[PDB]
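A.B. asks: Quick one: this structure, given as structure tokens, is what I'll be asking you about.
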Amino acid sequence: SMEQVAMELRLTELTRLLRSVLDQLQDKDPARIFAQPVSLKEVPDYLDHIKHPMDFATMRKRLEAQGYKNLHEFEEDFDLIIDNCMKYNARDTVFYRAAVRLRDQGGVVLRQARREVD
Ligand SMILES: CNC(=O)c1cc2cccnc2s1
């Protein structure tokens with residue numbers, strides 16, 4: 001149907017917009033602290049602490065699979081990255097401070113993405 005095609009076109013362009021947003025957000029993490037899943041080899045008990053792990057690479061995989069239906073779902077995943085980090089790591093760590101900076105600096109980027117979506 002033309003309708004299903006039209007939807008897939010919207011979804012494809014949403015994916016295109018979110019891809020840009022993802023690249024911008026990841027630029028706010030120059031140290032690549034949030035680039036990959038927390039290694040269960042380097043941190044074997046992590047899953048006892050964090051029930052829903054998230055990272056930029058995992059977000060990217062979902063993105064290219066067009067697994068984000070709207071911005072809210074995308075923001076959910078970004079928020080997990082930040083919130084997980086700030087629970088697992090203590091306040092006076094390079095990890096926690098990185099999350100804070102990503103949170104603050106990403107707020108700008110998501111504020112406009114929200115408008116560009118409507
Ligand atoms: C988002 N990444 C984290 O919260 C990490 C925490 C720790 C702790 C020790 C060694 N490596 C890592 S990575």
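Every chain in the structure tokens has a letter given in the order shown (A, B, ...), and although residue numbers restart at 1 in each chain, ligands are simply numbered from 1 in the order shown.
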Do a neighbour search on residue 117 (chain A) at 10 Å with only C-alpha atoms, toss out local chain neighbours closer than 6 positions, and write the hits as a PDB file with C-alpha atoms, in the first residue's frame.

C.D. replies:
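Result file around_20.pdb:
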```pdb
ATOM      1  CA  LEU A  14      13.229   9.979  11.686  1.00  0.00           C
ATOM      2  CA  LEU A  17      17.313  12.849  12.169  1.00  0.00           C
ATOM      3  CA  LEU A  18      18.087  10.667  15.200  1.00  0.00           C
ATOM      4  CA  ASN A  70       9.916   8.337  18.160  1.00  0.00           C
ATOM      5  CA  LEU A  71      12.270  10.698  19.992  1.00  0.00           C
TER       6      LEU A  71
END
```

A.B. asks: Could you list, as a list in words, all the residues within 9 Å of ligand 1, counting only C-alpha atoms and all ligand atoms?

C.D. replies: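 Checked against 9 Å with only C-alpha atoms and all ligand atoms; the hits are residues 33, 34, 35, 36, 37, 38, 39, 42, 43, 46, 53, 54, 55, 81, 82, 84, 85, 86, 87, 88, 89, 95, 96, 98 and 99 of chain A.
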
A.B. asks: Atoms to include: C-alpha atoms. Write the selected residues as a compact mmCIF listing (two decimals), in the first residue's frame.

C.D. replies:
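File written: selection13.txt
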```
# COMPACT_ATOMS: atom_id res chain seq x y z
CA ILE A 33 33.45 6.56 28.37
CA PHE A 34 29.95 5.74 27.06
CA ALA A 35 30.96 4.44 23.61
CA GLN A 36 30.63 0.71 24.38
CA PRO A 37 28.82 -1.55 26.88
CA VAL A 38 30.40 -1.78 30.31
CA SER A 39 32.63 -4.85 30.00
CA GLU A 42 36.28 -5.79 33.43
CA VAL A 43 33.26 -5.48 35.77
CA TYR A 46 27.88 -4.95 36.98
CA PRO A 53 22.63 -1.37 30.68
CA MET A 54 22.93 1.07 27.82
CA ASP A 55 25.68 2.61 25.71
CA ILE A 81 23.38 5.78 29.88
CA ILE A 82 23.58 8.78 32.20
CA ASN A 84 23.23 4.03 35.16
CA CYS A 85 26.61 5.71 35.32
CA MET A 86 25.58 8.05 38.13
CA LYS A 87 24.30 5.13 40.22
CA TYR A 88 27.13 2.70 39.70
CA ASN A 89 29.91 5.28 40.10
CA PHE A 95 32.94 8.39 35.31
CA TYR A 96 30.24 10.18 37.27
CA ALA A 98 31.62 12.56 32.64
CA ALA A 99 27.94 11.61 32.84
```

A.B. asks: For region 102-104 of chain A, list every protein, DNA or RNA residue within 9 Å, evaluated using only C-alpha atoms, and leave out those in the same chain fewer than 2 positions away; present the list as a list in words.

C.D. replies: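 Returned residues: residues 25, 26, 28, 29, 78, 79, 82, 97, 98, 99, 100, 106, 107 and 108 of chain A.
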
A.B. asks: Which one of A:40, A:93, A:64, A:21 sits closest to residue 111 (chain A) if you count only C-alpha atoms?

C.D. replies: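 Closest to residue 111 (chain A) of all the choices is A:21.
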
A.B. asks: For residue 75 (chain A), which of A:92, A:13, A:114, A:27 is the closest residue, counting only C-alpha atoms?

C.D. replies: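 Answer, going by the shortest atom-to-atom distance: A:114.
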
A.B. asks: Kindly indicate which residue among A:44, A:22, A:72, A:8 lies nearest to residue 58 (chain A), using only C-alpha atoms for the distances.

C.D. replies: A:22

A.B. asks: Please extract the residues of chain A with a backbone DSSP assignment of helix (DSSP H, G or I) and present them as a PyMOL selection string.

C.D. replies: chain A and resi 2-26+46-49+56-64+71-88+94-117

A.B. asks: Please provide the set of residues having any atom within 12 Å of residue 65 (chain A), restricted to only C-alpha atoms, with same-chain residues fewer than 2 positions apart removed, written as a list in words.

C.D. replies: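 Here the answer would be residues 11, 12, 15, 16, 19, 58, 59, 60, 61, 62, 63, 67, 68 and 69 of chain A.
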
A.B. asks: CA of residue 112 (chain A) and CA of residue 91 (chain A) are how many Å apart?

C.D. replies: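 Going from CA of residue 112 (chain A) over to CA of residue 91 (chain A) covers 29.0 Å.
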
A.B. asks: What separation in Å, quoted to one decimal, exists between CA of residue 4 (chain A) and CA of residue 20 (chain A)?

C.D. replies: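 If I compute the distance from CA of residue 4 (chain A) to CA of residue 20 (chain A), I get 24.5 Å.
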
A.B. asks: Measure the distance from CA of residue 6 (chain A) to CA of residue 66 (chain A) in Å and round it to one decimal.

C.D. replies: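 A separation of 14.9 Å between them.
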